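For reference, my_file-v6.csv is printed below; it contains CSV, N, CA and C atoms.
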chain,number,residue,atom,x,y,z
A,1,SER,N,0.8,-1.2,0.0
A,1,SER,CA,0.0,0.0,0.0
A,1,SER,C,0.9,1.3,0.0
A,2,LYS,N,0.7,2.1,-1.0
A,2,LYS,CA,1.5,3.4,-1.2
A,2,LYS,C,1.2,4.4,-0.1
A,3,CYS,N,0.0,4.7,0.2
A,3,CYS,CA,-0.4,5.8,1.2
A,3,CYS,C,0.2,5.5,2.6
A,4,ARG,N,-0.1,4.3,3.2
A,4,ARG,CA,0.4,3.9,4.5
A,4,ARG,C,1.9,4.0,4.6
A,5,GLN,N,2.6,3.3,3.6
A,5,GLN,CA,4.1,3.2,3.5
A,5,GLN,C,4.7,4.6,3.4
A,6,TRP,N,4.1,5.5,2.6
A,6,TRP,CA,4.5,6.9,2.5
A,6,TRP,C,4.5,7.6,3.8
A,7,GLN,N,3.3,7.5,4.5
A,7,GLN,CA,3.2,8.1,5.9
A,7,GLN,C,4.2,7.6,6.9
A,8,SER,N,4.5,6.2,6.9
A,8,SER,CA,5.5,5.6,7.7
A,8,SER,C,6.9,6.1,7.3
A,9,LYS,N,7.2,6.2,6.0
A,9,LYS,CA,8.5,6.7,5.5
A,9,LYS,C,8.7,8.2,5.9
A,10,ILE,N,7.8,9.1,5.8
A,10,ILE,CA,7.9,10.5,6.3
A,10,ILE,C,8.4,10.5,7.8
A,11,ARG,N,7.8,9.7,8.6
A,11,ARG,CA,8.2,9.6,10.1
A,11,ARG,C,9.5,9.0,10.3
A,12,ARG,N,10.1,8.2,9.4
A,12,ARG,CA,11.4,7.7,9.4
A,12,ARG,C,12.4,8.7,8.8
A,13,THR,N,12.1,9.3,7.7
A,13,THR,CA,12.9,10.3,7.0
A,13,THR,C,13.2,11.5,7.8
A,14,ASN,N,12.2,12.0,8.6
A,14,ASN,CA,12.4,13.1,9.5
A,14,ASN,C,13.7,13.1,10.3
A,15,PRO,N,13.9,12.1,11.3
A,15,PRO,CA,15.1,12.0,12.0
A,15,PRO,C,16.3,11.7,11.1
A,16,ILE,N,16.2,10.8,10.2
A,16,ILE,CA,17.3,10.4,9.2
A,16,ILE,C,17.8,11.6,8.4
A,17,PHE,N,17.0,12.6,8.1
A,17,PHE,CA,17.4,13.9,7.4
A,17,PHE,C,17.8,15.0,8.4
A,18,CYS,N,17.1,15.2,9.5
A,18,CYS,CA,17.4,16.2,10.5
A,18,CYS,C,18.8,16.0,11.3
A,19,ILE,N,19.1,14.7,11.5
A,19,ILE,CA,20.4,14.3,12.0
A,19,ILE,C,21.1,13.1,11.2
A,20,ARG,N,22.4,13.0,11.3
A,20,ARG,CA,23.1,11.9,10.6
A,20,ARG,C,23.9,10.9,11.5
A,21,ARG,N,23.8,11.1,12.8
A,21,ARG,CA,24.4,10.3,13.9
A,21,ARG,C,23.9,8.9,13.8
A,22,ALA,N,22.6,8.6,13.9
A,22,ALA,CA,22.0,7.3,13.7
A,22,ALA,C,22.0,6.9,12.2
A,23,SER,N,22.9,6.0,11.8
A,23,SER,CA,22.9,5.4,10.4
A,23,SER,C,23.1,3.9,10.5
A,24,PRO,N,22.0,3.1,10.8
A,24,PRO,CA,22.1,1.6,10.8
A,24,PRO,C,22.1,1.0,9.5
A,25,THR,N,23.3,0.7,8.9
A,25,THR,CA,23.6,0.1,7.6
A,25,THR,C,24.0,-1.4,7.8

What does the file become when written as structure tokens?
Amino acid sequence: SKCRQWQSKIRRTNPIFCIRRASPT
């Protein structure tokens, strides 16, 4: 599902873009 996964992605991308400290690769 596009809509749900986009909403979940926004909430992930927020901290991952605002800080670079946490990078679990």

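Atom pair CA of residue 20 in chain A / CA of residue 1 in chain A: separated by 28.1 Å.
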
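You will find CA of residue 24 in chain A at 19.5 Å from CA of residue 5 in chain A.
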
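If you look at atom C of residue 22 in chain A and atom N of residue 9 in chain A, they are 16.1 Å away from each other.
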
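DSSP annotation of chain A from backbone atoms: alpha helix (DSSP H) residues are residues 2, 3, 4, 5, 6, 7, 8, 9, 10, 11, 12, 13, 14, 15, 16, 17 and 18 of chain A.
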